[PDB]
Chemist: 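Have a look at the structure that comes next, please.
Every heavy atom of this structure was used, including side-chain atoms; hydrogens, water molecules and symmetry mates were not. The sequence lines fix the lettering, A, B, ..., with proteins before strands; numbering per chain opens at 1. Order of appearance sets the numbers: ligands from 1, and atoms from 1 within every ligand.
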4 protein chains.
Amino acid sequence: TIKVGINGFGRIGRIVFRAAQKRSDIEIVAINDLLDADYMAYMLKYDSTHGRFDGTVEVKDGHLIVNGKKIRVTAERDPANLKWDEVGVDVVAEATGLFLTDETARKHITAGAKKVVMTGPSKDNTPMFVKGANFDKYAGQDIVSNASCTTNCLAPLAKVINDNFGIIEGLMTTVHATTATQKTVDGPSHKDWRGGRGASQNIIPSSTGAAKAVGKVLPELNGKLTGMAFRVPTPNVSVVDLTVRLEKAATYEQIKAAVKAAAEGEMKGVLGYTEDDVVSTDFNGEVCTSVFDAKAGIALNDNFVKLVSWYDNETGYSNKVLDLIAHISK
Amino acid sequence: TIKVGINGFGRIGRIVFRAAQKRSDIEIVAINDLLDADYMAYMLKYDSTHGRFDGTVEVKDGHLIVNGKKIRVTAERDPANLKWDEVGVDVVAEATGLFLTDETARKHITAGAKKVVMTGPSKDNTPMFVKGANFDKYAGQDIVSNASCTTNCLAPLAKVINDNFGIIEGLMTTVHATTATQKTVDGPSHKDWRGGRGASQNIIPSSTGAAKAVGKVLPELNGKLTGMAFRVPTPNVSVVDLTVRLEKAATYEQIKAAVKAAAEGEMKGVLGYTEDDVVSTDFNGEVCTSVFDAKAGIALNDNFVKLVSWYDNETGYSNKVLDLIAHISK
Amino acid sequence: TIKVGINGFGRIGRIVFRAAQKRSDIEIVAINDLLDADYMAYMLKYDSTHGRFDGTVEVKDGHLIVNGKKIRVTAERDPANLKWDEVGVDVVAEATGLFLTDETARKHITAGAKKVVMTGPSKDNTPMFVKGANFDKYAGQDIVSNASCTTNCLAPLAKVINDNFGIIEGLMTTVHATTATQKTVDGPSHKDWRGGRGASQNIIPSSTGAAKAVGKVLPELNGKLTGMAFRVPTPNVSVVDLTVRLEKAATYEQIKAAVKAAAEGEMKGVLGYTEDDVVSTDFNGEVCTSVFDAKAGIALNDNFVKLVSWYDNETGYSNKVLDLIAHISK
Amino acid sequence: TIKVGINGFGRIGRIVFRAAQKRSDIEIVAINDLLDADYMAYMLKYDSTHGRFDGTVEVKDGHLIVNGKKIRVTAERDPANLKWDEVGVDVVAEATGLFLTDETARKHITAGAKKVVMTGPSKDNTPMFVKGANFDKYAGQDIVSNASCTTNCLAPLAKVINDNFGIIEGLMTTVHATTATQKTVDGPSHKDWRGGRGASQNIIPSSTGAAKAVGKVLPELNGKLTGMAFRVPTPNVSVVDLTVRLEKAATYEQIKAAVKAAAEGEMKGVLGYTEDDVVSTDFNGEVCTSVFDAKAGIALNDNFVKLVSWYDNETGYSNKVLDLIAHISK
Ligand SMILES: OC[C@H]1O[C@H](O[C@H]2O[C@H](CO)[C@@H](O)[C@H](O)[C@H]2O)[C@H](O)[C@@H](O)[C@@H]1O
Ligand SMILES: OC[C@H]1O[C@H](O[C@H]2O[C@H](CO)[C@@H](O)[C@H](O)[C@H]2O)[C@H](O)[C@@H](O)[C@@H]1O
Ligand SMILES: OC[C@H]1O[C@H](O[C@H]2O[C@H](CO)[C@@H](O)[C@H](O)[C@H]2O)[C@H](O)[C@@H](O)[C@@H]1O
Ligand SMILES: OC[C@H]1O[C@H](O[C@H]2O[C@H](CO)[C@@H](O)[C@H](O)[C@H]2O)[C@H](O)[C@@H](O)[C@@H]1O
Ligand SMILES: O=P(O)(O)OC[C@H](O)CO
Ligand SMILES: O=P(O)(O)OC[C@H](O)CO
Ligand SMILES: O=P(O)(O)OC[C@H](O)CO
Ligand SMILES: O=P(O)(O)OC[C@H](O)CO
Ligand code: NA
Ligand code: NA
């Protein structure tokens, strides 16, 4: 098993922790955050979106005991002091949002970890990987990024469509759940003014991490795709609305068949496929990072189509963080 | 003064009523619905979205007294019995959703009205008129339709873009407020299964009335545009997300300049233009039916762009119902 | 195995169905509602509040196949035509809200069922039974009512407090999730004007079924308790806020000890007890019909206290419908 | 006119600013916060809850120009450096939540202001005042507190009830809108764990400032009243649910008459009175700090009653901050 330390116990850190409980290949052995262990235990035990933790959580001597296993709890501000080697950590899930460059994330390796996976898009040239788009390009790097949830939805779908029909150009929108960066009522957000406005009251235009990341994980599409977001008052699950022009003419049935074939074969567990009358809550807990909604999309003609794909922006991305941890450990 | 009877006191009927109070050329003299006058008064006085009625509302002898003026109240199921001539009604705002064909709406003329404006898309070939798209094609018809709110947002924007740059093809999404056809918790909706799912919990894919209507008010765009909707948990205000391929190359600044010129000139009061960091609640009460959001849109290249335009689906549409009543009465 | 037919596939009918899957003593063999089998299957499979159905759902020959078992589907408006004997139904879960009197519900017995459990308060003197209040008073009746969800929260708590300390008088509020009787935006509700106002926008004062029912299942408290509700914009889970004057002085720790003892002893699985920092979503899926929140309540003095108890108004009530079916079948 | 400086441009500071625009007796001449003037202008111009600012807002040379009047903008962390005398400030509205003791708030007087009104409950013995409860006790103090919104709702009602009928003991609940201290999704709130849980998803038990403040502004009720709160997913407007035992027997009609008499006389503009079928949005913008809801309350008997009173927790409190400023300046 791969021993993992989580740095940062926010939404991603906690859902990564829960996802790792259900996997035999990865074992969380340590968590670092500026939260007391008893408060960590509370945040783990109770979740408004995903329900009660499936297992036992004890606090003993400042550490967590989860399903009888001891999890080392620390509260280090400087990752260089984390002594990851003292708990045999192989890979660090870097989930604070604060260490998205090589120089900052490398402190985990100085502290004894072997590799680091950033749970967000890198801010320098640290390479990004998206399962179903470019895991096979990984080349042994000791620090990597799993991109972002929206990129994990867009890229697998864009790859199937491009590989089969040729994307000339495309624009996308994600209609995106409210997240922790937003405000409950109009409040200060000096670097993103719209993003300070009351989240439960508003449709809020925003920028998406996918516009900059998708051409990095699929270089053949660089400069051919961009987009934006609308944040809306739901607590989880988002949807990509991808408008593409195709080089090869394809009927909507042919598009469905290509997506379905990828979902049942090469991209199984990454790309999903449904023909049901689904809505966003039907993907709360979804592990696939891109679930194609066949009935929701619409074609104007054989070369211009709007495609719809769902993603649980918490669960899918967290599971693929673990997939990236496993992949770089092979 | 144009005397107007309102048939149906749902959301559109009540917001048309409020908007008519601010116009000197139109006076509401009668309302018909299966509601007691005291309940009509309550629904007019208090509005969760638009606040308290600006004026006085009294019930006297089974009728409404609004700002001191008597409004005749009736509860006729058959419009042929409405006796519109007894209150001097010129134009009926047909707002029940039940009489969207010539044969049904013409019962109002048999009942003494001179003209009818349907407050929804016609179900037969009753002509639709949308301000900023084709009011100038009106040619004396006594029964007309104002299309739908989404069509009133999309059509003025599509016209400016097509007239200046040529829309080869386009696909649109409206991210749309919850409406009265939706359900508070998962409930029966046998003709629209997704639409029965709990509105406050979900992003809900849906169809839009604008996909059929836009090519009818702008025949030059027939077959060139279609789209879909996502219903989201907000109570009012929606946004059109229009992705178009252009015949003539246009930079995003050139597109902005053209839209602003239309908003400040010919289409003033219909098309609006902003460069501010707006969110949906900033248009609660907006009278313009299409407010272009310059900063929210994004161009992939000089011939492929995503344009964003806001609309208060209650207020803008209701004001343009009144504009159409005035226009056909000239 | 008790064979059960469900009449009405609304929220209670569908959550009773799901809960029955986890019990070996009760098997659903038939469902009646004015829904096609494929639409019933969709409503069972996908739930915005409770997630995807845990099992397989297929439609075969107009009937449902659930976890491999055939469920007879019918669409009879008149319960006398339900032919319950043809599927060996023992007890009917009468969940339509339309047959809450002896004369109407007894049509199920004419149609071949042996007993009926109404899933709402009876409108005549059909006896109500609430687990943790008066199941032990059941004495062979073939038609009974399980009262309402709020009554199932209030009555077990009121009984423990009254039995130990003596309720002289009490007043309660339930802060209550939105339900299907409410409206998504301000709409017609001529028999309950406040209840027509947009559910997601408002705190809405309302009446509660528990104000009439509690004195019926606990006659010793008749005339000693009443209350009201506020409906709020959550999709499920509600909370009782009970303010009582006590005959016998009791400190808050003594009250806690008494409630905990009942939750751990006689009323285990009915009354729950927590000292954790819980919020409403922590009870989405809760089977206990009354979970006492020790830290939320507050005592003014040893004879005047405010007690707080949570309930999943869908899940707890539905499970106790099944408990009542089992109890009357003993 | 009284010249006022606002310290802190959060919800209270901004709604105080808007309220002062409509008053001739008070003129805002300066605002201090760590926000650029252009961002202050944006937060003032657009409000999700209260709509667009009624007036003009310009930014010039780092200062605000509002309806043509210059407002001095500063960004001082230490209030001792604010030079309030340079803009002739009489009274400071201390709205940061950070300076709720004599020693901290007195820095404004060192900086040249004459008096300070804290827009929250004091943390030391700085005296609190609530209009309709104890403004007439003000005795010239140069630093005062306006208590909190819930205390401004509870105290005027409790005073009428106690003065007329004698409160033996009472317990209250406020069902309270979401506020800026809450989180959009489950997040860190280490001093109030429940308060970190996702605000739009949950009913959240909480503590209320009124439990400690009400006996301070009405000493005759000290030790006779306390309570708690439930935070719910609405963006503004809250409601007090007051359960009281009365010394003097009073029918519910007698209680209504006493409240109505106070609302129309001595407490006019503080206590309001309605018999309408109201819901929370009907008080968005309400200036009265306590609006009694006659039809919502319920009496068990002539000495034990539940009373309901609404408050716009932003608008009412902000207007009474201005009232306190005017009162201490007499
Ligand atoms: O930080 C000062 C700027 O704030 C706004 O711009 C930010 O917020 C936008 C969303 O409202 C983002 O799109 C943008 O990227 C941010 O920089 C404001 O629009 C700018 O004019 C201010 O300079
Ligand atoms: O009415 C029976 C059909 O219901 C569904 O289809 C309706 O609902 C869809 C949204 O969920 C609409 O897109 C569609 O146009 C409606 O007809 C179901 O998907 C069908 O299989 C049923 O035949
Ligand atoms: O049906 C006519 C009456 O409607 C209102 O009263 C109903 O709605 C109230 C909630 O808004 C309930 O409390 C009440 O029990 C219902 O009867 C209205 O308040 C009445 O004046 C009307 O007669
Ligand atoms: O700060 C550590 C404590 O956190 C919790 O208590 C806080 O949060 C409660 C709401 O969840 C408040 O009622 C309480 O006043 C706060 O102190 C936790 O319940 C405590 O056990 C922790 O010591
Ligand atoms: O598309 P990639 O490069 O992530 O590869 C995914 C593999 O095919 C799955 O084993
Ligand atoms: O575009 P039309 O035909 O609605 O004409 C609009 C007029 O020029 C003024 O609104
Ligand atoms: O209180 P009752 O009468 O529902 O009896 C309950 C039993 O003792 C076990 O739940
Ligand atoms: O009740 P008080 O002391 O706030 O006094 C309010 C005055 O009567 C109003 O002028
Ligand atoms: Na329908
Ligand atoms: Na009703």
Chemist: Applying a heavy-atom distance cut-off of 4.0 Å, which protein residues contact ligand 5?
Modeler: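 Contacting ligand 5 under 4.0 Å are A:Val130, A:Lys131, A:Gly132, A:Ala133, A:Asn134, A:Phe135, A:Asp136.
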Chemist: Report the residues that fulfil side-chain contact (heavy atoms from CB on, under 4.5 Å) with B:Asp276, sequence neighbours left out, ordered by chain and then residue number.
Modeler: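 side-chain contact (heavy atoms from CB on, under 4.5 Å) list for B:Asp276, sorted by chain: B:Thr274, B:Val278, D:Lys45, D:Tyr46.
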Chemist: Please tabulate, one line per pair, the protein N or O atoms found under 3.5 Å from any N or O atom of ligand 4, giving the distance to one decimal.
Modeler:
unit_1   : atom_1 : unit_2   : atom_2 : d
ligand 4 : 1 (O)  : D:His190 : O      : 2.9
ligand 4 : 4 (O)  : D:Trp193 : NE1    : 3.0
ligand 4 : 8 (O)  : D:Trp193 : N      : 3.1
ligand 4 : 11 (O) : C:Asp277 : OD2    : 2.9
ligand 4 : 11 (O) : D:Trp193 : N      : 3.0
ligand 4 : 11 (O) : D:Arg194 : N      : 2.9
ligand 4 : 19 (O) : C:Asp277 : OD1    : 3.0
ligand 4 : 19 (O) : C:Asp277 : OD2    : 2.7
ligand 4 : 19 (O) : C:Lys295 : NZ     : 2.4

Chemist: In terms of the angle between their ring planes, are B:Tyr273 and B:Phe292 parallel, tilted or perpendicular, with boundaries placed at 30° and 60°?
Modeler: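 Ring orientation, 0 to 90° scale: parallel.
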Chemist: To the nearest 0.5 angstrom, please state how far the CG atom of B:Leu300 sits from the CE atom of A:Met172.
Modeler: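 One finds 12.5 Å between CG of B:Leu300 and CE of A:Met172.
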Chemist: Is the backbone of A:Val291 close enough, under 3.5 Å, to the side chain of A:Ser309 for a donor and an acceptor to pair up by distance?
Modeler: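 A pair under 3.5 Å: yes.
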Chemist: So which pairs with a foot in residues 191-200 of chain D pass side chain to side chain donor-acceptor pair (under 3.5 Å), sequence neighbours left out?
Modeler: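 Non-adjacent pairs meeting side chain to side chain donor-acceptor pair (under 3.5 Å): A:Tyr42-D:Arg197, A:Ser48-D:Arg197, C:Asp282-D:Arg197, C:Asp293-D:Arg194, D:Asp186-D:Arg197.
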Chemist: Salt bridge or not for A:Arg52 and A:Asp47, using N-O below 4.0 Å?
Modeler: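 Looking at A:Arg52 and A:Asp47, the cut-off is not met.
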Chemist: Give a yes or no on whether the backbone of A:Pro127 and the side-chain of A:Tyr138 come within a donor-acceptor separation of less than 3.5 Å.
Modeler: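 Here the side-chain-to-backbone pair does not exist.
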Chemist: Between A:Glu286 and A:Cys288 (side chain of the first, backbone of the second, donor and acceptor by atom type, cut-off under 3.5 Å), is there such a pair?
Modeler: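 Yes, A:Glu286 side chain to A:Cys288 backbone: donor-acceptor pair under 3.5 Å.
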Chemist: Using 30° and 60° as the class limits, which term best fits the ring planes of C:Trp310 and C:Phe283: parallel, tilted or perpendicular?
Modeler: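 Aromatic pair C:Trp310/C:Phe283 classed parallel.
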